[PDB]
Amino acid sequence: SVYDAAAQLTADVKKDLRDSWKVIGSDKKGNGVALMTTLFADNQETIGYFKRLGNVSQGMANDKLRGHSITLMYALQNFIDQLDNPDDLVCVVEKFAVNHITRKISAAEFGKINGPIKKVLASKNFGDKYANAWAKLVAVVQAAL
């Protein structure tokens, strides 16, 4: 259950998620676009899903991609703010899960985001521990897909 998965976020995982978010979340435009262009660079098979955004190679210059990337960073901002209350975390997670289910995105495919997160965090000197905490949050979303 998304509920059980959500419950797996211990005080230590929450602390790591918050501390790292202080840095990655402080530049939603830059880090959001980085997460996206890295997703496309390492998983080219996912590009076809983002047909609405036009030419994603354009990176930052592509307004649709930029508008999408900033908005995504707020979904994460939403999750981070709901950590202390699993009931609210679960409903926001389920709301976004529906956005992906309607696009035929499976739990396995959604998990491809773990690669980019590991790199973005790395470029900010946050090691494996942080990458692992972020995988646990992504796992709560996967429990809903």
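Don't overthink the numbering: it's just position in the shown sequence, from 1.
Remark: stretch with higher mean C-alpha B factor among 66-74 and 96-104 is 96-104.
Higher mean CA temperature factor between 136-144 and 2-10: 2-10, per the PDB entry.
Residue-level temperature factors show residue 116 in the middle third of its chain, judged at the C-alpha atom. For residue 24, the recorded CA temperature factor ranks within the highest third of the chain's modelled residues. Split the chain's modelled residues into thirds by C-alpha temperature factor. Residue 88 is in the highest one.
Ranked within its chain, residue 33 lands in the lowest third, by CA B factor from the PDB record.
Remark: residue 109 belongs to the lowest third of its chain, ranked by C-alpha B-factor as recorded.
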